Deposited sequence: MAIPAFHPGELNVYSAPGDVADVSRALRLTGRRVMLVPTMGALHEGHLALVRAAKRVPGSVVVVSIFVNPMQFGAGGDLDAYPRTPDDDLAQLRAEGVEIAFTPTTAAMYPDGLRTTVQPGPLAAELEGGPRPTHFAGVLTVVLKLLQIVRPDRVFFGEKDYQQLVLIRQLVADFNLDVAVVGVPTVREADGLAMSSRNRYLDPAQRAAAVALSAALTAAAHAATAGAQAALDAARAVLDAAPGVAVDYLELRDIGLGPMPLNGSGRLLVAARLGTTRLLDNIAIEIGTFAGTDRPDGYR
């Protein structure tokens, strides 16, 4: 049967998985490289940074998915203003026509850090990311480094299941004072918003303290967190770039999570030791 209509240079919106699959296949056959930016809508400047990263690949056609995963006019207007040509907006029923059945089970990393208090959270994410990859079949898929544990788990999924996509991590877009962009930032009252800059300040202080070794980096970040009121730290850990044990010197990642009132915030940063 017929490929659904695709109008080059305009925003084309599809909610049926088979439709975007068919258009994506047709476009790839035409000499486009299909770039996927998965989102849950309510798009912000961090999402736009993913889009801009994707658009600049020569030959790109950009697919932005908007799917709120149980396990609008404004969004489309922003994507049109960015020159995005495909929005994929499926219903929960289209994604899960047989309900919850076969799912992805992450490796033991999912049980650490964010996976601590609820060991099935990343299973939901990795399941939908796998489905979006198979539907759209992109050459590259773009995520922010903000949810870094998530991002490492997606790289694990791609390696472990032999998937033919490149995973591109885009540096986290931040507010002017360093706070990492987040849908949750608008819930902070002004005292909480002022205190919240300690997460990014702690991590940047650590990244610079790290010429003096790992202990100095951790101690500098802890002192900065300790200078902030109402910031209940859930963890502060230095790991290697794959989230295993930090090697004695070399590259790592420093991750923090804290609760301010009812709002949980996360941040992370690249660390080079000595």
Sequence ranges without modelled C-alpha atoms (deposited numbering): 72-85, 289-300
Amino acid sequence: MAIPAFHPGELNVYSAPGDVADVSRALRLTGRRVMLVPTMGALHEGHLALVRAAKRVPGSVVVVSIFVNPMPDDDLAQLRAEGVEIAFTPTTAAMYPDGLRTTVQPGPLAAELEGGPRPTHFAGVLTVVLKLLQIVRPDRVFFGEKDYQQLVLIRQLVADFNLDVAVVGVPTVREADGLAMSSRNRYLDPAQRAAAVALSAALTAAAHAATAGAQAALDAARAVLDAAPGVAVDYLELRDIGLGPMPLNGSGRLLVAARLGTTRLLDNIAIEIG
From here on, numbers count along this sequence of modelled residues.
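Take the two forms, superpose them, and find the largest set of C-alpha atoms that agree within 1.5 Å; that set is the rigid core.
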query: Which stretch is less alike in 9 other deposited structures of this protein, 242-250 or 209-217, counting RMS CA distance after the rigid core is superposed?
result: 242-250
- request: Output the stretch having the higher mean C-alpha B factor in the entry; the candidates are 47-55 and 27-35.
  value: 27-35
- line: Looking only at C-alpha temperature factors in the entry, 235-243 or 217-225, the higher average sits in 235-243
- request: Specify which of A81, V170, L126, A166 carries the largest Cα B factor in the deposited PDB entry.
  value: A81
task: Go through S200, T102, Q149, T120 one by one and give the residue whose Cα B-factor in the PDB entry is largest.
output: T120
statement: Of the three thirds of the chain ranked by Cα temperature factor, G178 occupies the middle
field: Cα B factor band for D160 (lowest, middle or highest third within the chain)
entry: lowest
field: Entry-reported Cα temperature factor of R193, expressed as the chain third it lands in
entry: middle
message: Going by the CA temperature factor in the PDB record, which third of the chain does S65 belong to: lowest, middle or highest?
response: lowest
Third of the chain's Cα B-factor distribution that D74 belongs to, per the entry: highest
